[PDB]
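Encoded as structure tokens, the structure appears first; notes follow it.
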Amino acid sequence: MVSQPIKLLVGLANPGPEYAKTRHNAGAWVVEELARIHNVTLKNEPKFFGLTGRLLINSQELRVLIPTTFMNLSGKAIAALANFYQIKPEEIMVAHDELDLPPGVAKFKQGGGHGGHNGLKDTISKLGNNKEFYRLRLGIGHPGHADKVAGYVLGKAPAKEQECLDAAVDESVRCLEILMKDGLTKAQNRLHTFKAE
């Protein structure tokens with residue numbers, strides 16, 4: 001129950017209103033919703049290259065971060081904040097859009113590659129070439145063709161598809177609450193049975 005590894009939750013993003021509802025900001029959506037439910041307004045802290053907060057959830061202290069960097073420079077923010085607060089890579093969960101899962105699905109994972117995701121790739125680099133941070137993989141689906149991936153992830157999902165996304169965001173937030181109460185195994189056990197329809 002009370003033991004779980006996460007001290008910092010990061011939602012990857014590109015900055016500003018034109019990118020806010022693009023697929024590549026899916027991780028930020030999770031952080032935004034968790035903050036909203038827990039009555040925290042994020043603070044722009046230039047020292048941390050991002051928007052930051054602190055939540056108390058089942059007596060566990062959870063810091064949150066939405067970088068204001070380019071997506072490919074996300075690691076600057078994550079490292080700056082984690083090094084200041086003495087948070088290890090293994091105590092970070094990074095929420096991000098996942099091409100290899102469909103809209104409406106999300107999964108937790110420890111470690112792994114970047115999958116060609118520019119934010120994950122920088123995060124690995126800037127955390128001392130350490131892959132062993134946790135991930136919240138928010139499915140966004142994948143276009144046919146490799147050459148279309150950048151355009152796809154920088155696009156806005158159409159309405160019905162966005163409903164599936166928003167439903168997975170919602171469950172992901174519920175399951176982050178469960179992570180903080182019941183631990184990772186039970187949180188994962190619930191999240192991995194979810195599929196938005």
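Chains: A, B, ... in order of the structure tokens. Residues: from 1 per chain. Ligands: from 1, in order shown.
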
Original post:
Among chain A, which ones does DSSP place in strand (DSSP E), written as a ChimeraX atom specification?
Top reply: /A:8-11,43-45,50-57,60-67,92-98,106-110,134-139

Between region 8-101 of chain A and region 175-184 of chain A, at 9 Å or less, what are the per-residue closest atom pairs and their distances in Å? Count only C-alpha atoms, order by chain and rising residue number, and return it as a tab-separated table.
residue	atom	partner	partner_atom	distance
A:34	CA	A:176	CA	8.4
A:57	CA	A:180	CA	6.4
A:58	CA	A:181	CA	5.8
A:59	CA	A:180	CA	8.5
A:60	CA	A:180	CA	6.6
A:62	CA	A:180	CA	8.9

Let's have the selection written as a compact mmCIF listing (two decimals), in the first residue's frame, with C-alpha atoms.
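What follows is the written file part24.txt:
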# COMPACT_ATOMS: atom_id res chain seq x y z
CA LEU A 34 -4.37 15.59 -11.79
CA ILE A 57 -1.99 12.45 -2.24
CA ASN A 58 -2.60 9.84 0.49
CA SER A 59 0.14 11.55 2.53
CA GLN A 60 2.66 11.00 -0.34
CA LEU A 62 4.15 14.32 -5.35

Region 10-62 of chain A near region 67-91 of chain A within 10 Å: what's each residue's closest atom pair and its distance in Å to one decimal, counting only C-alpha atoms, ordered by chain then ascending residue number, as JSON lines?
{"residue": "A:10", "atom": "CA", "partner": "A:78", "partner_atom": "CA", "distance": 7.5}
{"residue": "A:11", "atom": "CA", "partner": "A:67", "partner_atom": "CA", "distance": 7.5}
{"residue": "A:12", "atom": "CA", "partner": "A:67", "partner_atom": "CA", "distance": 6.6}
{"residue": "A:13", "atom": "CA", "partner": "A:71", "partner_atom": "CA", "distance": 5.7}
{"residue": "A:14", "atom": "CA", "partner": "A:71", "partner_atom": "CA", "distance": 5.2}
{"residue": "A:15", "atom": "CA", "partner": "A:68", "partner_atom": "CA", "distance": 5.1}
{"residue": "A:16", "atom": "CA", "partner": "A:68", "partner_atom": "CA", "distance": 8.1}
{"residue": "A:24", "atom": "CA", "partner": "A:71", "partner_atom": "CA", "distance": 8.6}
{"residue": "A:25", "atom": "CA", "partner": "A:71", "partner_atom": "CA", "distance": 9.1}
{"residue": "A:28", "atom": "CA", "partner": "A:67", "partner_atom": "CA", "distance": 8.8}
{"residue": "A:44", "atom": "CA", "partner": "A:68", "partner_atom": "CA", "distance": 8.6}
{"residue": "A:45", "atom": "CA", "partner": "A:68", "partner_atom": "CA", "distance": 9.6}
{"residue": "A:46", "atom": "CA", "partner": "A:68", "partner_atom": "CA", "distance": 8.9}
{"residue": "A:47", "atom": "CA", "partner": "A:80", "partner_atom": "CA", "distance": 7.3}
{"residue": "A:48", "atom": "CA", "partner": "A:77", "partner_atom": "CA", "distance": 5.1}
{"residue": "A:49", "atom": "CA", "partner": "A:77", "partner_atom": "CA", "distance": 4.8}
{"residue": "A:50", "atom": "CA", "partner": "A:67", "partner_atom": "CA", "distance": 3.9}
{"residue": "A:51", "atom": "CA", "partner": "A:67", "partner_atom": "CA", "distance": 6.0}
{"residue": "A:52", "atom": "CA", "partner": "A:67", "partner_atom": "CA", "distance": 8.3}

What does the file look like for those residues with N, CA, C and O atoms, as a CSV table (one decimal), in the first residue's frame?
chain,number,residue,atom,x,y,z
A,10,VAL,N,6.0,14.0,-14.6
A,10,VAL,CA,6.3,14.9,-15.6
A,10,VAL,C,5.3,14.7,-16.8
A,10,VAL,O,5.0,13.5,-17.1
A,11,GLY,N,4.7,15.7,-17.3
A,11,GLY,CA,3.8,15.5,-18.5
A,11,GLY,C,4.5,16.2,-19.7
A,11,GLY,O,4.7,17.5,-19.6
A,12,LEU,N,4.9,15.4,-20.6
A,12,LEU,CA,5.7,16.0,-21.8
A,12,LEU,C,4.8,16.9,-22.7
A,12,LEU,O,3.6,16.6,-22.9
A,13,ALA,N,5.4,17.9,-23.2
A,13,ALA,CA,4.7,18.9,-23.9
A,13,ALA,C,5.6,19.7,-24.8
A,13,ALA,O,6.8,19.8,-24.7
A,14,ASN,N,4.9,20.3,-25.9
A,14,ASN,CA,5.4,21.5,-26.4
A,14,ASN,C,4.6,22.7,-25.9
A,14,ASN,O,3.5,22.6,-25.5
A,15,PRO,N,5.3,23.9,-25.8
A,15,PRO,CA,4.7,25.0,-25.2
A,15,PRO,C,3.7,25.8,-26.0
A,15,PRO,O,3.7,25.9,-27.2
A,16,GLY,N,2.7,26.4,-25.3
A,16,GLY,CA,1.8,27.3,-25.8
A,16,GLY,C,0.4,26.9,-26.4
A,16,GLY,O,0.2,25.7,-26.5
A,24,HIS,N,0.9,15.2,-29.2
A,24,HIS,CA,2.2,15.1,-28.6
A,24,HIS,C,2.2,15.7,-27.2
A,24,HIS,O,3.2,15.6,-26.5
A,25,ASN,N,1.1,16.4,-26.8
A,25,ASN,CA,1.0,16.9,-25.4
A,25,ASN,C,0.1,16.0,-24.5
A,25,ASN,O,-0.3,16.4,-23.5
A,28,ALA,N,1.1,16.0,-20.8
A,28,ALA,CA,0.7,17.2,-20.1
A,28,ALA,C,-0.8,17.1,-19.7
A,28,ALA,O,-1.2,17.6,-18.7
A,44,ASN,N,5.1,29.0,-13.1
A,44,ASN,CA,6.1,29.1,-14.1
A,44,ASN,C,7.4,29.4,-13.4
A,44,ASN,O,7.5,30.6,-12.9
A,45,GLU,N,8.3,28.5,-13.3
A,45,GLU,CA,9.6,28.7,-12.6
A,45,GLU,C,10.7,28.5,-13.6
A,45,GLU,O,11.0,27.4,-14.0
A,46,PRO,N,11.2,29.7,-14.1
A,46,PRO,CA,12.2,29.6,-15.2
A,46,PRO,C,13.5,28.8,-14.8
A,46,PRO,O,14.0,28.2,-15.7
A,47,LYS,N,13.7,28.7,-13.5
A,47,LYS,CA,14.9,27.8,-13.1
A,47,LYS,C,14.7,26.4,-13.5
A,47,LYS,O,15.7,25.7,-13.5
A,48,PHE,N,13.5,26.0,-13.6
A,48,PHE,CA,13.1,24.6,-13.9
A,48,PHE,C,12.6,24.4,-15.3
A,48,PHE,O,12.2,23.4,-15.8
A,49,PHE,N,12.6,25.5,-16.1
A,49,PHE,CA,12.3,25.5,-17.5
A,49,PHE,C,10.9,24.9,-17.7
A,49,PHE,O,10.6,24.1,-18.6
A,50,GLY,N,10.0,25.3,-16.8
A,50,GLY,CA,8.7,24.7,-16.8
A,50,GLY,C,7.7,25.1,-15.8
A,50,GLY,O,8.0,26.0,-15.0
A,51,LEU,N,6.5,24.5,-15.8
A,51,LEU,CA,5.4,24.8,-14.9
A,51,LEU,C,5.4,23.7,-13.8
A,51,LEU,O,5.4,22.5,-14.2
A,52,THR,N,5.4,24.1,-12.6
A,52,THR,CA,5.7,23.2,-11.5
A,52,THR,C,4.6,23.3,-10.4
A,52,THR,O,3.9,24.3,-10.3

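Minimum atom-to-atom distances from A:96, A:63, A:160, A:107 to residue 185 (chain A) were compared using only C-alpha atoms, and the lowest value belongs to A:107.
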
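Ranking A:37, A:187, A:94, A:99 by their shortest atom-to-atom distance to residue 172 (chain A), with only C-alpha atoms included, puts A:187 first.
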
Original post:
What's the 7 Å shell around residue 153 (chain A), counting only C-alpha atoms, without same-chain residues fewer than 2 positions away, as an NGL selection string?
Top reply: :A and (22-24 or 149-151 or 155)

Please, could you write that set of residues out with N, CA, C and O atoms as an mmCIF file, in the first residue's frame?
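Output contents, as saved in result_33.cif:
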data_model
loop_
_atom_site.group_PDB
_atom_site.id
_atom_site.type_symbol
_atom_site.label_atom_id
_atom_site.label_comp_id
_atom_site.auth_asym_id
_atom_site.auth_seq_id
_atom_site.Cartn_x
_atom_site.Cartn_y
_atom_site.Cartn_z
ATOM 1 N N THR A 22 -2.622 19.283 -29.210
ATOM 2 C CA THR A 22 -2.030 18.326 -30.104
ATOM 3 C C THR A 22 -1.707 17.014 -29.384
ATOM 4 O O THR A 22 -1.510 16.966 -28.199
ATOM 5 N N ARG A 23 -1.636 15.938 -30.140
ATOM 6 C CA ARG A 23 -1.451 14.575 -29.573
ATOM 7 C C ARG A 23 -0.159 14.458 -28.791
ATOM 8 O O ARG A 23 -0.088 13.756 -27.831
ATOM 9 N N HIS A 24 0.863 15.194 -29.231
ATOM 10 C CA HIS A 24 2.170 15.145 -28.613
ATOM 11 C C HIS A 24 2.203 15.735 -27.217
ATOM 12 O O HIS A 24 3.212 15.576 -26.548
ATOM 13 N N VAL A 149 4.691 10.516 -39.273
ATOM 14 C CA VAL A 149 4.580 10.470 -37.810
ATOM 15 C C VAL A 149 4.684 11.847 -37.181
ATOM 16 O O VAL A 149 3.870 12.181 -36.320
ATOM 17 N N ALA A 150 5.647 12.657 -37.607
ATOM 18 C CA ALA A 150 5.798 13.982 -37.002
ATOM 19 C C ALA A 150 4.505 14.856 -37.204
ATOM 20 O O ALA A 150 3.993 15.458 -36.268
ATOM 21 N N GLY A 151 3.977 14.879 -38.429
ATOM 22 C CA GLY A 151 2.729 15.566 -38.721
ATOM 23 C C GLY A 151 1.541 15.062 -37.936
ATOM 24 O O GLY A 151 0.726 15.844 -37.461
ATOM 25 N N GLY A 155 -0.571 17.007 -34.792
ATOM 26 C CA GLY A 155 -1.917 17.286 -35.150
ATOM 27 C C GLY A 155 -2.815 17.167 -33.942
ATOM 28 O O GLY A 155 -2.436 16.558 -32.917
#

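Excluding residue 53 (chain A) itself and any same-chain residue fewer than 5 positions from it, the protein and nucleic acid residues within 8 Å of it, counting only C-alpha atoms, are residues 35, 40, 41, 42, 43, 63, 64 and 65 of chain A.
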
Original post:
Excluding same-chain residues fewer than 2 positions from residue 124 (chain A), what lies within 10 Å of it counting only C-alpha atoms, as a list in words?
Top reply: residues 74, 75, 79, 89, 111, 112, 113, 114, 119, 120, 121, 122, 126, 127, 128, 129, 130, 131, 132 and 133 of chain A
